[PDB]
There are 2 protein chains.
Amino acid sequence: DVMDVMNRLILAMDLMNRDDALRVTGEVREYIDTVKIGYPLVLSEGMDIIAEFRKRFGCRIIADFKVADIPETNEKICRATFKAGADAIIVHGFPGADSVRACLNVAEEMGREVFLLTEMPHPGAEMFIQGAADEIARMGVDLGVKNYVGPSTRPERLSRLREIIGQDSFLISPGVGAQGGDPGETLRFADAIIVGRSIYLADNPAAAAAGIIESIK
Amino acid sequence: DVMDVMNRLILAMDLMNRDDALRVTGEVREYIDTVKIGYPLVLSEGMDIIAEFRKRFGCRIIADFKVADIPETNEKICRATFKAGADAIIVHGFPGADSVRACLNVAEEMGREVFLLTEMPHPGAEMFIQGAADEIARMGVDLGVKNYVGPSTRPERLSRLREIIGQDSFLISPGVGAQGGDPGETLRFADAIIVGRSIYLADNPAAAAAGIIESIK
Ligand SMILES: O=c1cnn([C@@H]2O[C@H](COP(=O)(O)O)[C@@H](O)[C@H]2O)c(=O)[nH]1
Ligand SMILES: O=c1cnn([C@@H]2O[C@H](COP(=O)(O)O)[C@@H](O)[C@H]2O)c(=O)[nH]1
């Protein structure tokens with residue numbers, strides 16, 4: 001089947017120093033079992049931070065690296081990322097099918113997962129990404145992709161995305177909170193929501209996460 | 001003005017282990033003063049590898065990170081990358097103007113450079129990238145971007161790119177060699193060519209670089 005995310009809540013840990021990242025994550029460890037780590041933290045502290053999170057919290061790690069290179073390089077990025085212990089990696093679909101397949105090849109070989117990013121939540125996404133979103137999602141479906149990332153800031157787009165990928169596919173959605181996305185509205189189509197700043201920048205992260213979950217009881 | 005690249009040749013160092021990368025680069029150090037480092041090497045050996053290259057070879061480093069996130073995350077990636085010593089960073093234009101501007105802001109503050117990736121050389125680029133290429137290039141020009149990356153595999157596209165960005169803009173082009181691009185034809189529009197596998201995978205890297213430069217004099 002597809003992965004099970006505790007409380008349908010994924011923590012986006014984009015703090016850039018190990019101490020704060022581990023500290024804040026520890027404060028909310030009781031509310032989640034899946035953490036999304038991106039380049040802000042990895043480039044600042046090193047790829048070893050991925051294995052550290054998995055061992056210290058027993059959590060699943062999704063590497064939000066928005067892989068967007070040529071096939072050969074994508075394969076290398078994925079291999080290095082999975083070797084570092086990542087359970088899944090987020091890949092852009094805009095570069096084309098060959099670039100996505102290169103990632104799928106490595107994930108299948110190593111027994112990991114690929115999440116296809118279909119559309120982004122920021123304003124700039126309307127320039128080029130929005131118009132290719134439906135076709136990117138269909139491309140994923142045609143290649144057997146089972147995991148997707150869609151924008152929480154555009155509910156009707158997320159809904160359309162779900163229609164394209166089917167009820168079987170696993171869908172997670174960022175842009176909740178700081179970017180304006182609503183937890184409840186987003187979960188009408190997504191299997192899990194991604195939350196970053198609203199939690200890690202709060203004066204009380206535990207309360208922030210607790211409140212979010214309370215909002216979606 | 002714009003940066004000066006020795007012999008109009010930029011080495012794409014995508015080997016993934018420090019010893020091999022430093023060894024091969026050392027073998028061809030007499031032919032170049034600018035090296036492009038990407039995620040394959042950085043994720044495998046750490047961001048400190050950037051400062052190591054600058055100190056060991058006295059070269060300029062272009063971080064080929066194909067930055068493609070939301071504005072706030074792009075800003076963080078750029079800051080971390082420039083803090084690590086990178087002279088320039090390659091950014092995707094498909095995520096939109098705000099995502100590009102976030103990178104430009106950090107580069108201006110830290111006195112570094114942003115290279116806008118307009119179109120890619122691999123087959124998959126035809127799906128979505130090629131159709132947005134001219135507009136991405138125009139977006140860069142409208143925002144004052146002075147450095148661009150265009151495909152060597154499609155000379156007519158590269159030529160069109162040069163027309164859009166003007167003669168004053170700095171243009172470098174990957175896809176030369178392994179991907180089928182020709183050195184001479186590419187330099188008809190580009191200020192410098194990027195070469196990876198054709199050099200670092202050759203039996204004699206120095207001979208390979210020496211040959212490329214010879215056939216381009
Ligand atoms: O389409 C996407 C894919 N990923 N992210 C990422 O998800 C997190 C959202 O964080 P936020 O809750 O602080 O906005 C950040 O890591 C950001 O790079 C998006 O915002 N949109
Ligand atoms: O549009 C782009 C941008 N960057 N690269 C990168 O430039 C190098 C080209 O290497 P090659 O000579 O081995 O094909 C690799 O690092 C690759 O990720 C491309 O191929 N195309």
# chains A, B, ... in the order shown; residues from 1 in each chain; ligands from 1
>>> select_by_dssp(residues="segment 31-199 of chain A", states="strand (DSSP E or B)", output="JSON, numbers by chain")
{"A": [34, 35, 36, 37, 38, 60, 61, 62, 63, 64, 65, 66, 67, 88, 89, 90, 91, 92, 113, 114, 115, 116, 117, 147, 148, 149, 170, 171, 172, 173, 176, 181, 192, 193, 194, 195]}
>>> write_last_selection(atoms="N, CA, C and O atoms", output="CSV table (one decimal), in the first residue's frame")
chain,number,residue,atom,x,y,z
A,34,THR,N,6.8,11.4,11.0
A,34,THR,CA,7.4,11.7,9.7
A,34,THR,C,7.8,13.2,9.7
A,34,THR,O,7.1,14.1,10.0
A,35,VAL,N,9.1,13.4,9.3
A,35,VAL,CA,9.7,14.7,9.2
A,35,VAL,C,10.2,15.0,7.8
A,35,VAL,O,10.9,14.1,7.2
A,36,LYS,N,10.0,16.2,7.3
A,36,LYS,CA,10.5,16.6,6.0
A,36,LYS,C,11.7,17.5,6.2
A,36,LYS,O,11.6,18.5,7.0
A,37,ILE,N,12.8,17.1,5.7
A,37,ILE,CA,14.1,17.8,5.8
A,37,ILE,C,14.5,18.3,4.4
A,37,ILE,O,14.4,17.5,3.5
A,38,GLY,N,14.9,19.6,4.4
A,38,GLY,CA,15.3,20.1,3.1
A,38,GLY,C,16.7,20.6,3.0
A,38,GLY,O,17.5,20.4,4.0
A,60,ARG,N,10.3,8.8,10.0
A,60,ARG,CA,10.5,8.6,8.6
A,60,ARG,C,11.0,10.0,8.2
A,60,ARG,O,10.6,11.0,8.7
A,61,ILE,N,11.9,10.0,7.2
A,61,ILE,CA,12.5,11.2,6.7
A,61,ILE,C,12.2,11.4,5.2
A,61,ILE,O,12.5,10.5,4.4
A,62,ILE,N,11.6,12.5,4.8
A,62,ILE,CA,11.3,12.8,3.4
A,62,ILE,C,12.3,13.9,3.1
A,62,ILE,O,12.3,15.0,3.8
A,63,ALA,N,13.2,13.7,2.1
A,63,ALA,CA,14.2,14.7,1.7
A,63,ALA,C,13.5,15.6,0.7
A,63,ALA,O,13.3,15.1,-0.4
A,64,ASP,N,13.3,16.8,1.1
A,64,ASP,CA,12.7,17.8,0.2
A,64,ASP,C,13.8,18.5,-0.6
A,64,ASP,O,14.1,19.6,-0.4
A,65,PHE,N,14.3,17.8,-1.6
A,65,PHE,CA,15.4,18.3,-2.4
A,65,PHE,C,15.0,18.8,-3.8
A,65,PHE,O,15.8,19.3,-4.6
A,66,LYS,N,13.7,18.8,-4.0
A,66,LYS,CA,13.1,19.2,-5.3
A,66,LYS,C,14.0,19.0,-6.5
A,66,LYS,O,14.4,19.8,-7.3
A,67,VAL,N,14.4,17.7,-6.6
A,67,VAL,CA,15.3,17.2,-7.6
A,67,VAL,C,14.9,17.7,-9.0
A,67,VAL,O,13.8,17.4,-9.4
A,88,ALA,N,12.3,8.8,1.6
A,88,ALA,CA,11.7,9.3,0.4
A,88,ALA,C,12.4,10.6,0.0
A,88,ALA,O,13.0,11.2,0.7
A,89,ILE,N,12.2,10.9,-1.3
A,89,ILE,CA,12.7,12.2,-1.9
A,89,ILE,C,11.7,12.8,-2.7
A,89,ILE,O,10.9,12.2,-3.4
A,90,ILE,N,11.7,14.2,-2.7
A,90,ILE,CA,10.7,14.9,-3.5
A,90,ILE,C,11.4,15.4,-4.8
A,90,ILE,O,12.5,16.0,-4.7
A,91,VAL,N,10.8,15.1,-5.9
A,91,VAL,CA,11.3,15.4,-7.2
A,91,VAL,C,10.4,16.3,-8.0
A,91,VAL,O,9.2,16.1,-8.0
A,92,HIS,N,11.0,17.2,-8.8
A,92,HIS,CA,10.2,18.1,-9.7
A,92,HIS,C,9.8,17.3,-10.9
A,92,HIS,O,10.6,16.5,-11.4
A,113,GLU,N,11.1,5.6,-1.7
A,113,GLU,CA,10.0,6.3,-2.4
A,113,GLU,C,10.3,7.6,-3.0
A,113,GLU,O,11.1,8.4,-2.5
A,114,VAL,N,9.6,7.9,-4.1
A,114,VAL,CA,9.7,9.1,-4.8
A,114,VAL,C,8.4,9.9,-4.7
A,114,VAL,O,7.3,9.3,-4.9
A,115,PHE,N,8.4,11.1,-4.4
A,115,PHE,CA,7.2,12.0,-4.3
A,115,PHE,C,7.4,12.9,-5.5
A,115,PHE,O,8.4,13.6,-5.6
A,116,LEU,N,6.3,13.0,-6.3
A,116,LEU,CA,6.4,13.9,-7.5
A,116,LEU,C,5.7,15.2,-7.1
A,116,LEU,O,4.5,15.2,-6.7
A,117,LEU,N,6.4,16.3,-7.2
A,117,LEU,CA,5.9,17.6,-7.0
A,117,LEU,C,5.2,18.1,-8.2
A,117,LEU,O,5.8,18.2,-9.3
A,147,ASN,N,3.2,8.5,-5.0
A,147,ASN,CA,3.3,9.6,-4.1
A,147,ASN,C,3.4,11.0,-4.7
A,147,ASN,O,4.3,11.1,-5.6
A,148,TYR,N,2.6,11.9,-4.3
A,148,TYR,CA,2.5,13.2,-4.8
A,148,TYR,C,2.5,14.4,-3.8
A,148,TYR,O,2.1,14.2,-2.7
A,149,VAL,N,3.0,15.5,-4.2
A,149,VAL,CA,3.0,16.7,-3.4
A,149,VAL,C,2.2,17.8,-4.2
A,149,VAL,O,2.5,18.0,-5.4
A,170,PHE,N,-1.0,8.5,-2.9
A,170,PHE,CA,-0.7,9.1,-1.6
A,170,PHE,C,-0.4,10.6,-1.9
A,170,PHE,O,0.5,10.9,-2.7
A,171,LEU,N,-1.1,11.5,-1.3
A,171,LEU,CA,-0.9,12.9,-1.5
A,171,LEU,C,-0.6,13.7,-0.3
A,171,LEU,O,-1.4,13.7,0.7
A,172,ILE,N,0.4,14.5,-0.3
A,172,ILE,CA,0.8,15.4,0.9
A,172,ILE,C,0.8,16.8,0.4
A,172,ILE,O,1.0,17.1,-0.8
A,173,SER,N,0.5,17.7,1.3
A,173,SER,CA,0.4,19.1,0.8
A,173,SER,C,1.0,20.2,1.7
A,173,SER,O,0.6,20.3,2.9
A,176,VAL,N,0.6,25.1,4.2
A,176,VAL,CA,-0.4,25.2,5.3
A,176,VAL,C,0.2,26.1,6.4
A,176,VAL,O,1.3,25.9,6.9
A,181,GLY,N,-2.4,28.3,3.7
A,181,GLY,CA,-3.2,27.1,3.6
A,181,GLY,C,-3.9,26.7,4.9
A,181,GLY,O,-3.4,26.9,6.0
A,192,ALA,N,-2.1,13.8,4.0
A,192,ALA,CA,-1.3,14.4,5.1
A,192,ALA,C,-1.0,15.8,4.7
A,192,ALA,O,-0.8,16.1,3.6
A,193,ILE,N,-0.8,16.7,5.8
A,193,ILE,CA,-0.5,18.1,5.5
A,193,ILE,C,1.0,18.3,6.0
A,193,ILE,O,1.4,17.7,7.0
A,194,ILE,N,1.6,19.2,5.4
A,194,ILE,CA,3.0,19.6,5.7
A,194,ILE,C,3.0,21.0,6.4
A,194,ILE,O,2.4,21.9,5.9
A,195,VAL,N,3.6,21.1,7.6
A,195,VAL,CA,3.6,22.3,8.3
A,195,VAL,C,5.0,22.6,8.8
A,195,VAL,O,5.7,21.8,9.4
>>> residues_around(residues="residue 122 of chain B", least_positions_apart="6", cutoff="8 Å", atoms="only C-alpha atoms", output="ChimeraX atom specification")
/A:70-71 /B:153,175,179
>>> residues_around(residues="residue 135 of chain A", least_positions_apart="3", cutoff="12 Å", atoms="only C-alpha atoms", output="list in words")
residues 93, 94, 96, 97, 117, 118, 119, 129, 130, 131, 132, 138, 139, 140, 141, 142, 160, 161, 164 and 165 of chain A; 127 and 128 of chain B
>>> select_by_dssp(residues="segment 12-167 of chain B", states="helix (DSSP H, G or I)", output="PyMOL selection string")
chain B and resi 18-27+29-31+39-45+48-57+71-83+97-110+123-126+129-142+155-165
>>> closest_residue(among="B:85, B:58, B:95, B:46", to="ligand 1", atoms="only C-alpha atoms and all ligand atoms")
B:95
>>> decode(residues="segment 195-211 of chain A", atoms="N, CA and C atoms", output="short mmCIF file (atom, residue, chain, number, x, y, z; two decimals), in the first residue's frame")
data_model
loop_
_atom_site.label_atom_id
_atom_site.label_comp_id
_atom_site.auth_asym_id
_atom_site.auth_seq_id
_atom_site.Cartn_x
_atom_site.Cartn_y
_atom_site.Cartn_z
N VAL A 195 3.60 21.05 7.58
CA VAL A 195 3.63 22.32 8.30
C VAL A 195 5.03 22.64 8.80
N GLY A 196 5.50 23.85 8.49
CA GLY A 196 6.82 24.26 8.91
C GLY A 196 6.84 25.40 9.90
N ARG A 197 7.04 26.62 9.40
CA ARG A 197 7.10 27.82 10.22
C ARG A 197 6.03 27.95 11.30
N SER A 198 4.79 27.62 10.97
CA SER A 198 3.69 27.71 11.93
C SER A 198 4.02 26.92 13.19
N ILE A 199 4.91 25.95 13.07
CA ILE A 199 5.30 25.14 14.21
C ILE A 199 6.69 25.49 14.74
N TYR A 200 7.70 25.38 13.89
CA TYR A 200 9.07 25.65 14.34
C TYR A 200 9.43 27.10 14.66
N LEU A 201 8.55 28.04 14.33
CA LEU A 201 8.82 29.44 14.63
C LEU A 201 7.90 29.94 15.75
N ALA A 202 7.03 29.06 16.24
CA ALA A 202 6.11 29.42 17.31
C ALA A 202 6.85 29.46 18.64
N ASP A 203 6.40 30.33 19.55
CA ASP A 203 7.03 30.45 20.85
C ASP A 203 6.81 29.17 21.65
N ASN A 204 5.83 28.38 21.23
CA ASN A 204 5.51 27.11 21.87
C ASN A 204 5.12 26.14 20.76
N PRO A 205 6.12 25.48 20.15
CA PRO A 205 5.91 24.51 19.06
C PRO A 205 4.98 23.35 19.41
N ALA A 206 5.10 22.83 20.62
CA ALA A 206 4.26 21.73 21.05
C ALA A 206 2.80 22.16 21.02
N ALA A 207 2.52 23.34 21.56
CA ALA A 207 1.16 23.86 21.58
C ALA A 207 0.67 24.11 20.16
N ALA A 208 1.57 24.58 19.30
CA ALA A 208 1.23 24.86 17.91
C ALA A 208 0.80 23.59 17.19
N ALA A 209 1.59 22.53 17.35
CA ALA A 209 1.29 21.25 16.71
C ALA A 209 0.02 20.67 17.32
N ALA A 210 -0.10 20.77 18.64
CA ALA A 210 -1.26 20.25 19.36
C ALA A 210 -2.53 20.95 18.88
N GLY A 211 -2.44 22.25 18.66
CA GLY A 211 -3.59 23.01 18.20
C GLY A 211 -4.00 22.62 16.79
#
